[PDB]
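Visitor: Attaching a single structure in C-alpha cells format; questions to follow.
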There are 2 protein chains.
Amino acid sequence: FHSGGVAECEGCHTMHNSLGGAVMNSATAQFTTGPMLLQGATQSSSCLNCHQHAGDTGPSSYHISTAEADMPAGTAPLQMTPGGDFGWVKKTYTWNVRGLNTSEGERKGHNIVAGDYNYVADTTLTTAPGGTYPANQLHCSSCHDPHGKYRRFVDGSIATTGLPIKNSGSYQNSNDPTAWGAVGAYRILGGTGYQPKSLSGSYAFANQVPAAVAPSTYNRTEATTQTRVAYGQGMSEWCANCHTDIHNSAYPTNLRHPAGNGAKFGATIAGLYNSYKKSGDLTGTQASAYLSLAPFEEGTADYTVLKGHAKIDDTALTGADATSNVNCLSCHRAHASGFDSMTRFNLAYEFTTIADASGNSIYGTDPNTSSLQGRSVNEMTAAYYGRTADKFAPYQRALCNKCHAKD
Amino acid sequence: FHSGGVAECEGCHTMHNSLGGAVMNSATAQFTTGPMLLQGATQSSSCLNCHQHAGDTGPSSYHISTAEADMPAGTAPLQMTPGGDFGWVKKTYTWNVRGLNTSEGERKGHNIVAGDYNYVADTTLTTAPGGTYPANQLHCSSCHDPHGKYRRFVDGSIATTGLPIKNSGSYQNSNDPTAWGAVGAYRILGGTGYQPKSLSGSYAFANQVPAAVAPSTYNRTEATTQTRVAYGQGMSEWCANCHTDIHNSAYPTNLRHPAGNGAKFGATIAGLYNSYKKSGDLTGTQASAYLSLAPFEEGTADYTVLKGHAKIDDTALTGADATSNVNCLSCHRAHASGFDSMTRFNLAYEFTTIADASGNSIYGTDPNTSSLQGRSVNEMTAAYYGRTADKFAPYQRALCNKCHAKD
Ligand code: HEC
Ligand code: HEC
Ligand code: HEC
Ligand code: HEC
Ligand code: HEC
Ligand code: HEC
Ligand code: HEC
Ligand code: HEC
Ligand code: HEC
Ligand code: HEC
Ligand code: HEC
Ligand code: HEC
Ligand SMILES: [Mg+2]
Ligand SMILES: [Mg+2]
C-alpha cells in the first residue's frame, strides 16, 4: 500500500461518499466527508480504519493497535512491535500496599485524538515537555508523512523531491536505490520542514529522517529468539523536533542524561554493557550481548554495513564500543508501552522478578502487591515483549543496569 | 526501597526534569539536573528529600534528621536512633560561670554539606583527624554505598558481586541468605575499595563492612526498656578507613585508648562492667548489665548466635567477659550526638545529675549553670536517649565508670 510513498489516494479519501450503493465511511451521511476529504471522524481515524483489525488472536504483520472489545479486562494489548501497541493508553491500574497507588493509563505512550474510537487527548500534558507542540492535535500524520515525500537516493542524500520512488527502503530485503528513482525513508515519518497544513502556527520540523533499518518481519514475540532493530544515526535529533530542551549531546555541561549523536558510549561503560548479562552475573562476551530491551545506536548512515545487522534470529547480538551513541529509544518506546512514562523496563518498585519460593524467578503472583502493581501475571508478561520471568535472576533488580553495572 | 540494594533508580535520579507537568525537584529549572543526574542541589540532598519529614511530632521509623522549623529554639532533635540525629549540628550553646563558656554546634557529629538546607561544612576540621579524607566532600554517600554492592553469602563471605540480592540482611527478622542469591551488608555502607567516583584522588577504602545486627524497630525512646544494638567484629577497623592513626589494637605499645578487634576487654575490667550498675553501687549480676550507653563488641561473625541478641525488650542484657572487644562506638555515636565530640555520655563538668534538694537526682534546673551548660532540662533529657535523671544516683559522676569503676 504505502510503498515508501503516496499509496492509492482513494484508500484514505472519498471525493464524495458514494461507492455505488451507499456511503464508504460509516461516520457521516451520503455526500459529506471528514475534516479533509479523507474518510474518518478525524485525520487519524483513517489509519485505525486498517491498523486496528476487528477480532485478532495474536500479533500479526502491521496492525499496531489491538481493539478493546478483544482484550476483555485483565489482558494485554497483543501487538509486539518496536514502536508499541496503543491499546495500552486505555489501561488504568490500582493497588494498595500502604495507601492507594494508581498508575494512570494516559501516561503510557502518546495520546492520539481519535474521537471516533475511545481515544481521548491527554489532560495533564497540555503541551509537549520539550518545545511547545500542542497535544490535542496529535495525529498519526504528525510524525508520519502520509504522502511520502522524503527520499533516499544512492549517494545517501535525503531530499523531498527529484526522482521517483520504487520501494519502502526500510527493511533488510528492501532493494537499495539505483541511479533512476529513490526509495523511502525509514518509516514514512516526515523529515525537515514537515508541518501538516491543517495545523497552523510556527511548529515546523528542523531535523532529518533518522537512518534506521528494521528486520522485515518486525512484529513478533521474544520469549525465544529476540527481535533486533538496527539504529543508524540522528534518531534522537529527530524526536528533538517536537522536544527540544531534552536533547543533550555534551553531558557534564548540560545536566541531563546524555542523548544524541554527540553522546558517545564510554570505553568503560561499553566494557560493562557486555559483561553484565543477567543481574548478579558479569560474564561478558560481546557475541551474546543482546539488543532489544536496551538498544543503542551504531552512529553510521552506511545502509549496507548497518543492514548487515537487523536480523530476527539471534545471530548478530554483538554489543558495542566507545563509538556507539545512545538515542532516546534506548530507554523509551516511540508509540506506547506498559510502563508509566513509556519506557521499556519497569522502574517502579525495587525488584522486577521475585523468587518464587525456591529459586527460579517469577514476576509474582498476587495482583494487589507491589511486585505487580495491579498487573496480573499475563499482563506483565506482555509488558515485556513476551519474555518469561526466566531470563532474569530470581531477584532481578532495576534494569538500567545493562549499562551501569550497579549489581 | 533500598532492599539491601539498588532501589528504584528514578527515586533519586531524573533523566530529564519533567514528570508530566513540570519539574520533579524544586532546585532547578525544567530540563536541568543536580551534579550527577540525581535530583538535589548536592549528592546528599537526595537522601534528606525522604529522611527529613516536614512536620513530625515524635521519633518514627527511619527519618534520621528532624527539621529546624520544628524544634523551635529550646528543644531537642526528635530522632532516637543508634546513629544519631543530625539536627544536633545546628545547636550552639552559651553559659557563664566564671567567664564565657561556649560549646559550638559543628563539633557534635559529622557535617554533611547539604547547601540546599542550612547544613554547612566544617571549619575547624578541614580534614579528618586520622588519615586525610577531605571534609568539604562529606556526603551521606561517602560512608553509605547507594547502589548496594556488598553482599553476604551463606558461607559468611563478603563480596561485591556474584549472586542476586533478596533482602536487607541487617535485622533480627531478616531472612538469612540461601544458596541462590545473597543479602545486603549491615547498612548499605560500602566495604573494600568503595571510592565514589565524584571524589577524585587516592582516598579508597581498605577494610570490610563490619558485622552487626540491629533490632528491627531500632528508632525508639529508652526511658522504659532500652534499645540494644548487637555488634559483631570489625566495627572499628571500618571507621579506620577514613581515620587511621587513631586505630589501636595493642595498647601499652601504642599509647592511645585501646580500640579494635585486637583489644580484648580484660578479665578484671570485665568483672567490673557487671558489678558497677549505678555510680555508688557495685551489685553486679551480668543478666542485668545493660547494653546501650556504653556498648561493646562480641567479636563473632556468626550471624545466628549474634542475632541471638539484639532484642528491643530488656531480656538479654548479658554483660561480657575477657573476650569482648571495644570498638570506637562504645564511646561515640556514628551520625551525631548532643556532646561536644559526639560521644554518648557527658564528660564536660564533674557531675551529670545533681541531687535536687532531698535526694532523687535531677539534671539540674537553671540553664545558666554548669550542671546543664546552657541546655534546658528537656534538651538534656533528649541528649541521652530520653532516660530520665532517675537511672542515675543523686550525684552521678562521669560515665566511663561503667567499665572503670572509679567510684
Ligand atoms: C495513515 C496516515 C497511515 C499511517 C500513518 C500509516 N499507515 Fe500503513 N500500512 C498498510 C500496509 C498494508 C502496510 C504494509 C504494506 C506497505 O507498506 O506497502 C502499511 C505500512 C505502514 C508503515 C510502514 C511502511 C514502510 O515501508 O515504512 C507505516 C509507517 C504506516 N503504514 C503508517 C495499510 C494501511 C492502510 C490500509 C488501507 C491504511 C488506510 C494505512 N495503512 C494508513 C496509514
Ligand atoms: C493521491 C495522489 C493523494 C492525493 C492527490 C492527496 N492525498 Fe491525502 N491526506 C491524508 C491525510 C491524513 C491528510 C491530512 C494531512 C494533515 O492533516 O495535514 C491528507 C491531506 C491531503 C491534502 C491536504 C493537505 C496537503 O498537504 O495537501 C491534499 C491536497 C491531499 N491529501 C491529496 C492521507 C492520505 C492517504 C492515507 C494513507 C493517502 C493514500 C493519500 N492521502 C493520498 C493522496
Ligand atoms: C521520538 C521517538 C519521541 C520520543 C522517544 C518521545 N516523543 Fe513525544 N510527545 C508529544 C506530545 C504532545 C506529548 C504530550 C502528549 C501526551 O502526553 O500524550 C509527548 C509526550 C512524550 C512523552 C511523555 C508521554 C506521556 O504520556 O507522558 C514521552 C516519554 C515522549 N513524548 C517520548 C509530541 C511529540 C512529537 C510531535 C510531533 C514528536 C515528534 C514526539 N513527541 C516524539 C517523541
Ligand atoms: C536508567 C534510568 C538509567 C539511569 C538512571 C542512568 N543511566 Fe546512564 N548513560 C549512558 C552513558 C554511555 C553515559 C555516559 C555519561 C558519561 O560517562 O559522561 C550515561 C550517563 C549516565 C549518568 C552520568 C553519571 C556519571 O558518572 O557521569 C548517570 C548518573 C546515569 N547515566 C544514570 C548510557 C546508558 C545506557 C546505555 C544503553 C542506559 C540503558 C542507561 N544509561 C540508563 C540509565
Ligand atoms: C541516599 C543515598 C540514601 C541513603 C544514604 C540512605 N537512604 Fe534510605 N530508606 C528509605 C526507606 C523506606 C528505608 C526503609 C525501607 C528499605 O530499606 O527498604 C530506608 C532505609 C535506609 C537504610 C537502612 C536500610 C537497610 O536495610 O540497611 C539506610 C542505611 C539508608 N536508608 C540510607 C527511604 C529512602 C528514600 C525514599 C525515597 C530515599 C530517597 C533514600 N532512602 C535515600 C537514602
Ligand atoms: C538504578 C539501576 C540506578 C542506576 C542505573 C544508577 N543509579 Fe545512581 N547514584 C546515587 C548517588 C548519590 C550517586 C552519587 C555517587 C557519588 O557521589 O559518587 C549515584 C551515582 C550514579 C552513577 C555515577 C557514579 C557511578 O559510580 O556510577 C551512575 C552511572 C548511576 N548512579 C546509575 C543515588 C542513587 C539512588 C539513591 C538512593 C538510587 C536508587 C540509584 N542511585 C539508582 C541508580
Ligand atoms: C565510624 C563509625 C566513625 C566514627 C566512630 C567517627 N568517624 Fe568521622 N570524620 C570524617 C571527617 C571529614 C571528619 C571531620 C569532619 C567534621 O568535623 O564534621 C570527621 C570527624 C570525626 C569526629 C570529630 C567530629 C567533629 O565534629 O569534631 C569524630 C568523633 C568521628 N569522626 C568519629 C570523615 C569520616 C569518614 C570518611 C569516609 C568515615 C568513614 C568516618 N569519618 C567514620 C567515623
Ligand atoms: C572514658 C573517657 C574512658 C577513659 C578516660 C578510660 N576508659 Fe578505658 N579501656 C577499656 C579496656 C578494656 C581497657 C584495657 C586497657 C588494658 O587493660 O590494657 C581500657 C584502657 C584504658 C586505660 C589504660 C589504663 C591502664 O591501666 O592500662 C585508661 C587510662 C582508660 N581506659 C581510660 C574499656 C573501656 C570501656 C569499655 C566499655 C569504656 C566505656 C572505657 N574504657 C572508657 C574509658
Ligand atoms: C461534479 C458535480 C461531479 C459529479 C456530479 C460527479 N463527480 Fe466525482 N468522483 C471522483 C472519484 C475518484 C470517484 C470514485 C471513487 C471514490 O470516491 O473513492 C467519484 C465518484 C463519483 C460518482 C460515483 C457515485 C458512486 O459511485 O457512489 C458520481 C456519480 C460522481 N462522482 C459524479 C472524483 C471527482 C473529482 C476529482 C477527482 C471531481 C472534481 C468530481 N469527482 C466531480 C464530480
Ligand atoms: C496512529 C494511530 C499511528 C499509526 C497508524 C502509526 N503510527 Fe507510528 N511510529 C513512530 C516512530 C518513530 C516509529 C518507528 C519507531 C521504531 O521503529 O521503533 C513508528 C512506527 C510505526 C509503524 C511500524 C513500526 C512499528 O510499529 O514498530 C507503523 C505501522 C506506524 N508507526 C503507524 C512515531 C509515531 C508518533 C510520534 C512520534 C505517532 C503519534 C505515531 N507514530 C502514531 C502512529
Ligand atoms: C531524547 C531527546 C529524549 C527525549 C525527547 C525523551 N527522552 Fe526521556 N525519560 C526517561 C525516564 C525514566 C523518564 C520518566 C521518569 C523520570 O524522569 O523520572 C523520562 C521522561 C521523558 C519525558 C517525560 C516528560 C514528562 O513526563 O515530564 C519525555 C517527553 C521524554 N523523556 C522524552 C529516560 C530517558 C533515557 C534513559 C533512561 C534517555 C536516554 C532519554 N530519556 C532520552 C529522551
Ligand atoms: C546523610 C544525610 C545520611 C543519611 C540519610 C544516612 N547516613 Fe548513616 N550511618 C553510618 C553508620 C556507621 C551507621 C550505622 C551505625 C549504627 O548503626 O550505629 C549509620 C546509620 C544510618 C541509618 C540507620 C541506622 C541508624 O540511623 O541508627 C540510616 C537510615 C542512615 N545512616 C542514613 C555512617 C554514616 C556517615 C559517616 C560514617 C555518614 C556521613 C552518614 N552515615 C550519613 C548519613
Ligand atoms: Mg500521554
Ligand atoms: Mg564536625
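Note on naming: chains are A, B, ... as they come in the C-alpha cells, residues start from 1 per chain, ligands start from 1 in the order shown.
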Quick one: which residues from chain A are at most 6 Å off chain B, using only C-alpha atoms, as number ranges by chain?
Guide: A: 125, 255-257, 280-281, 347, 349-350, 395, 406-407
Visitor: Just C-alpha atoms for this one: save the residues we selected as a JSON list (two decimals), in the first residue's frame.
Guide:
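Now in part26.json:
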```
[["chain", "number", "residue", "atom", "x", "y", "z"],
["A", 125, "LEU", "CA", 0.30, 17.26, 29.49],
["A", 255, "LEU", "CA", 22.98, 18.31, 33.29],
["A", 256, "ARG", "CA", 20.56, 15.75, 31.91],
["A", 257, "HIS", "CA", 21.06, 12.16, 30.91],
["A", 280, "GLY", "CA", 24.14, -10.88, 39.62],
["A", 281, "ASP", "CA", 26.44, -12.08, 36.73],
["A", 347, "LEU", "CA", 11.41, 1.30, 37.28],
["A", 349, "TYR", "CA", 9.41, -0.90, 42.61],
["A", 350, "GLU", "CA", 12.81, -2.21, 43.78],
["A", 395, "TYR", "CA", 15.51, -11.38, 42.37],
["A", 406, "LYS", "CA", 25.18, -1.36, 39.66],
["A", 407, "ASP", "CA", 24.89, -5.00, 40.79]]
```
Visitor: Once you count only C-alpha atoms and all ligand atoms, which residues end up within 7 Å of ligand 13, and could you hand them over as a ChimeraX atom specification?
Guide: /A:106-111,122,125
Visitor: Any residue with an atom at most 12 Å from ligand 14 counts, using only C-alpha atoms and all ligand atoms. Which are they? Put them as number ranges by chain.
Guide: B: 86, 88-91, 104-113, 119-129, 135-136, 138, 334-337, 339-342
Visitor: Within 12 Å of residue 73 in chain A, counting only C-alpha atoms, which residues qualify if same-chain residues fewer than 3 places away don't, as a list in words?
Guide: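 Within the cut-off, the hits are residues 67, 68, 69, 70, 76, 77, 87, 88, 90, 91, 92, 93, 375, 376, 378 and 379 of chain A.
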Visitor: Just C-alpha atoms for this one: save the residues we selected as an mmCIF file, in the first residue's frame.
Guide:
```cif
data_model
loop_
_atom_site.group_PDB
_atom_site.id
_atom_site.type_symbol
_atom_site.label_atom_id
_atom_site.label_comp_id
_atom_site.auth_asym_id
_atom_site.auth_seq_id
_atom_site.Cartn_x
_atom_site.Cartn_y
_atom_site.Cartn_z
ATOM 1 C CA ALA A 67 -9.114 -3.435 19.913
ATOM 2 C CA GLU A 68 -10.647 -3.125 23.353
ATOM 3 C CA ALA A 69 -13.590 -5.407 22.680
ATOM 4 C CA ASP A 70 -10.854 -8.046 22.321
ATOM 5 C CA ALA A 76 -2.684 -7.122 27.487
ATOM 6 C CA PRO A 77 -2.638 -5.496 24.021
ATOM 7 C CA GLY A 87 -4.034 -0.479 23.314
ATOM 8 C CA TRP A 88 -2.040 0.427 26.420
ATOM 9 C CA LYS A 90 -6.651 2.826 27.896
ATOM 10 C CA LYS A 91 -5.253 0.765 30.865
ATOM 11 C CA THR A 92 -5.511 2.140 34.390
ATOM 12 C CA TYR A 93 -4.115 0.293 37.399
ATOM 13 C CA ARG A 375 -0.998 -6.106 36.734
ATOM 14 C CA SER A 376 -1.904 -9.819 36.577
ATOM 15 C CA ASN A 378 -0.075 -12.481 31.887
ATOM 16 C CA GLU A 379 -0.394 -8.710 31.641
#
```
Visitor: Using only C-alpha atoms and all ligand atoms, which protein or nucleic acid residues are at most 8 Å from ligand 8, as a list in words?
Guide: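 For ligand 8, the residues inside 8 Å are residues 250, 251, 252, 257, 258, 263, 264, 265, 266, 269, 270, 273, 294, 295, 296, 325, 326, 330, 331, 347, 399, 400, 401, 402, 403 and 404 of chain B.
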Visitor: Any chance you could export the current selection's C-alpha atoms as a PDB file, in the first residue's frame?
Guide:
```
ATOM      1  CA  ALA B 250      47.831  -3.315  71.277  1.00  0.00           C
ATOM      2  CA  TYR B 251      47.586  -0.628  73.950  1.00  0.00           C
ATOM      3  CA  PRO B 252      50.798  -0.389  76.009  1.00  0.00           C
ATOM      4  CA  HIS B 257      42.919   4.263  74.349  1.00  0.00           C
ATOM      5  CA  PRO B 258      42.586   0.687  73.036  1.00  0.00           C
ATOM      6  CA  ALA B 263      41.845  -5.087  72.008  1.00  0.00           C
ATOM      7  CA  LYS B 264      40.287  -7.529  74.473  1.00  0.00           C
ATOM      8  CA  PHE B 265      38.294  -6.460  77.477  1.00  0.00           C
ATOM      9  CA  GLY B 266      40.179  -7.765  80.493  1.00  0.00           C
ATOM     10  CA  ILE B 269      37.673  -4.852  83.680  1.00  0.00           C
ATOM     11  CA  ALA B 270      35.031  -7.373  82.631  1.00  0.00           C
ATOM     12  CA  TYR B 273      31.474  -3.853  83.878  1.00  0.00           C
ATOM     13  CA  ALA B 294      28.388   2.162  76.664  1.00  0.00           C
ATOM     14  CA  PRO B 295      28.125  -0.934  74.473  1.00  0.00           C
ATOM     15  CA  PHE B 296      30.773  -3.382  73.411  1.00  0.00           C
ATOM     16  CA  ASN B 325      36.392  -6.257  72.239  1.00  0.00           C
ATOM     17  CA  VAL B 326      35.777  -2.444  72.410  1.00  0.00           C
ATOM     18  CA  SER B 330      31.383   2.062  72.660  1.00  0.00           C
ATOM     19  CA  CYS B 331      32.132   5.803  73.315  1.00  0.00           C
ATOM     20  CA  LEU B 347      32.259  14.494  80.104  1.00  0.00           C
ATOM     21  CA  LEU B 399      30.271   7.855  82.895  1.00  0.00           C
ATOM     22  CA  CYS B 400      33.290   5.977  81.656  1.00  0.00           C
ATOM     23  CA  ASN B 401      32.797   4.317  85.024  1.00  0.00           C
ATOM     24  CA  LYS B 402      30.590   1.624  83.542  1.00  0.00           C
ATOM     25  CA  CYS B 403      33.984  -0.045  82.810  1.00  0.00           C
ATOM     26  CA  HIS B 404      36.478   1.611  85.106  1.00  0.00           C
TER      27      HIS B 404
END
```
Visitor: Name the residues, by chain letter and number, that sit within 6 Å of ligand 10 using only C-alpha atoms and all ligand atoms, and give them as a PyMOL selection string.
Guide: chain A and resi 47-48+51+62+64+81-83+139-140+143+334-335
Visitor: From a backbone DSSP assignment, name each residue in range 182-260 of chain B labelled alpha helix (DSSP H), as number ranges by chain.
Guide: B: 235-239
Visitor: Can you measure atom 27 (O, counted along the ligand's line) of ligand 7 to CA of residue 45 in chain B for me? One decimal in Å is fine.
Guide: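 Here the two named atoms are 21.6 Å from each other.
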Visitor: Using only C-alpha atoms and all ligand atoms, which of the listed residues (B:242, B:289, B:78, B:185) sits closest to ligand 5?
Guide: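 Nearest to ligand 5: B:185.
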Visitor: State, in Å with one decimal place, the distance from atom 8 (Fe, counted along the ligand's line) of ligand 1 to CA of residue 132 in chain A.
Guide: 27.6 Å
Visitor: Which residues come within 8 Å of range 224-226 of chain A, counting only C-alpha atoms, excluding same-chain residues fewer than 6 positions away, as a PDB file with C-alpha atoms, in the first residue's frame?
Guide:
```
ATOM      1  CA  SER A 292      16.232  -5.450  22.368  1.00  0.00           C
ATOM      2  CA  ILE A 312      15.453 -11.612  13.513  1.00  0.00           C
ATOM      3  CA  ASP A 313      17.320 -14.773  14.528  1.00  0.00           C
ATOM      4  CA  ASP A 314      19.739 -14.371  17.418  1.00  0.00           C
ATOM      5  CA  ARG A 387       9.755 -12.928  27.647  1.00  0.00           C
TER       6      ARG A 387
END
```
Visitor: Please measure the separation of CA of residue 363 in chain A and CA of residue 80 in chain A, giving the value in Å to one decimal.
Guide: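 Those two atoms sit 19.1 Å apart.
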Visitor: I'd like the neighbourhood of residue 205 in chain B as a ChimeraX atom specification, where a residue qualifies if any of its atoms comes within 8 Å (using only C-alpha atoms), though same-chain residues fewer than 3 positions away should be ignored.
Guide: /B:191-195,241-242
Visitor: List the neighbours of residue 384 in chain A out to 8 Å using only C-alpha atoms; skip same-chain residues closer than 3 positions along the sequence, and give me the result as a PyMOL selection string.
Guide: chain A and resi 344-345+380-381+387
Visitor: Within 12 Å of residue 237 in chain B, counting only C-alpha atoms, which residues qualify if same-chain residues fewer than 4 places away don't, as a CSV table (one decimal) with N, CA and C atoms, in the first residue's frame?
Guide:
```
chain,number,residue,atom,x,y,z
B,191,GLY,N,32.0,-1.4,51.6
B,191,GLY,CA,33.1,-2.1,52.0
B,191,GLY,C,34.4,-1.7,51.3
B,192,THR,N,35.2,-2.7,50.8
B,192,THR,CA,36.6,-2.5,50.4
B,192,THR,C,36.7,-1.9,49.0
B,205,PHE,N,38.7,3.0,50.3
B,205,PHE,CA,38.6,2.2,51.5
B,205,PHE,C,39.5,1.0,51.5
B,206,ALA,N,39.8,0.4,52.7
B,206,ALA,CA,40.6,-0.8,52.8
B,206,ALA,C,40.1,-1.9,53.6
B,207,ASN,N,39.1,-1.6,54.5
B,207,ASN,CA,38.6,-2.6,55.4
B,207,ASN,C,37.1,-2.9,55.1
B,208,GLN,N,36.7,-4.1,55.6
B,208,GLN,CA,35.4,-4.6,55.2
B,208,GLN,C,34.2,-4.1,56.1
B,209,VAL,N,33.0,-4.3,55.5
B,209,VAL,CA,31.8,-4.0,56.2
B,209,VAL,C,31.6,-4.8,57.4
B,210,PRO,N,31.2,-4.1,58.6
B,210,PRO,CA,31.6,-4.7,59.8
B,210,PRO,C,31.0,-6.1,60.2
B,211,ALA,N,29.9,-6.2,60.9
B,211,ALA,CA,29.3,-7.5,61.1
B,211,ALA,C,27.9,-7.4,61.7
B,233,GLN,N,32.2,-8.2,64.8
B,233,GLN,CA,33.6,-7.7,64.8
B,233,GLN,C,33.8,-6.6,63.7
B,241,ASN,N,38.9,3.3,58.1
B,241,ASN,CA,39.2,3.6,56.6
B,241,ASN,C,39.5,5.1,56.5
B,242,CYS,N,38.7,5.9,57.1
B,242,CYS,CA,39.0,7.3,57.0
B,242,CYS,C,39.7,8.0,58.2
B,243,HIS,N,39.8,7.2,59.3
B,243,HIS,CA,40.7,7.6,60.4
B,243,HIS,C,41.7,6.4,60.6
B,244,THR,N,43.0,6.7,60.5
B,244,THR,CA,43.9,5.6,60.5
B,244,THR,C,44.8,5.5,61.7
B,245,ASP,N,45.5,6.6,62.0
B,245,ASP,CA,46.3,6.7,63.2
B,245,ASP,C,45.6,6.3,64.4
B,246,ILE,N,44.3,6.7,64.5
B,246,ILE,CA,43.6,6.5,65.8
B,246,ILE,C,43.2,5.1,66.1
B,247,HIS,N,43.3,4.2,65.2
B,247,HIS,CA,43.1,2.8,65.5
B,247,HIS,C,44.2,2.2,66.4
B,248,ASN,N,43.8,1.4,67.3
B,248,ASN,CA,44.8,0.9,68.2
B,248,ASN,C,44.3,-0.5,68.8
B,249,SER,N,45.0,-1.5,68.4
B,249,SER,CA,44.8,-2.9,69.0
B,249,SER,C,45.6,-3.1,70.3
B,259,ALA,N,41.3,0.4,70.9
B,259,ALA,CA,40.1,0.2,70.2
B,259,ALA,C,40.3,-0.7,69.0
B,260,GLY,N,39.6,-1.9,69.0
B,260,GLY,CA,39.6,-2.7,67.8
B,260,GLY,C,39.2,-4.1,68.2
B,261,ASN,N,39.5,-5.0,67.2
B,261,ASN,CA,39.4,-6.5,67.4
B,261,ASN,C,40.6,-7.0,68.2
B,262,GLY,N,41.8,-6.5,67.9
B,262,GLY,CA,42.9,-6.8,68.7
B,262,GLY,C,42.9,-5.9,70.0
B,263,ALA,N,41.8,-5.8,70.7
B,263,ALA,CA,41.8,-5.1,72.0
B,263,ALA,C,40.8,-5.7,72.9
B,326,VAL,N,36.4,-3.8,72.2
B,326,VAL,CA,35.8,-2.4,72.4
B,326,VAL,C,35.9,-1.5,71.2
B,327,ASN,N,34.9,-1.4,70.3
B,327,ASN,CA,35.0,-0.6,69.1
B,327,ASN,C,34.9,0.9,69.5
B,328,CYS,N,35.2,1.7,68.5
B,328,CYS,CA,35.0,3.2,68.6
B,328,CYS,C,33.6,3.6,69.1
B,329,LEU,N,32.6,2.8,68.7
B,329,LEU,CA,31.2,3.2,69.0
B,329,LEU,C,30.9,3.0,70.5
```
Visitor: Between A:253, A:360, A:352, A:388, which residue has the minimum interatomic distance to ligand 4, considering only C-alpha atoms and all ligand atoms?
Guide: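 Answer, going by the shortest atom-to-atom distance: A:253.
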